[PDB]
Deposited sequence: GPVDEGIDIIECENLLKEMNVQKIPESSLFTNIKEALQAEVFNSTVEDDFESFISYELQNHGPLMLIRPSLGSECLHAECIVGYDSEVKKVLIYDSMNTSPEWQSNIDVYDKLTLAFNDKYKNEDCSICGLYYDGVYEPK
């Protein structure tokens, strides 16, 4: 992982911004406070991830690690197998289970810098 200052500098140099508020993002952030992964919130999760990938494109997730942070990039979704395609940013992205990704978002949203970011350069 990387320290806060290196992380701040990364986001600045990338020129990314936090994703905007939406009903789907509101609903998922509520769930992430306390709800364990389940079939019902999975629908909310899939709706949110698909919406963000469709409208904003790749999403950079900054989450806590030490006081170190991890930057990961969400870049795909497969509803058939319930997996998310993610870079641990190394060279090639990998498919991760929805439960693992949901648990990562719980860390990021349950650290002002933590959250999800998008890049206007890659906006669909």
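Stretches of the deposited sequence absent from the structure, as judged by C-alpha coordinates, are 1 to 5, 71 to 72, 97, 119 to 125, 140.
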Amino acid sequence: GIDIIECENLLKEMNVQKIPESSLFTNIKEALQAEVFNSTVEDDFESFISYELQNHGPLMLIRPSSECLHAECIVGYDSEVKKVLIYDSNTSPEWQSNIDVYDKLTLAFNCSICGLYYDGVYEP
From here on, numbers count along this sequence of modelled residues.
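The stretch 66 to 74 shows the higher mean C-alpha B-factor when 95 to 103 is compared against 66 to 74 in the entry. Sort the modelled residues of the chain by CA B factor and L116 lands in the lowest third. Remark: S79 belongs to the highest third of its chain, ranked by C-alpha B-factor as recorded.
Sort the modelled residues of the chain by CA B factor and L61 lands in the lowest third. Among the modelled residues of its chain, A31 has a C-alpha B-factor that falls in the middle third, as given in the PDB entry. Placement of the Cα temperature factor of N55 within the chain: lowest third of the modelled residues, per the deposited record.
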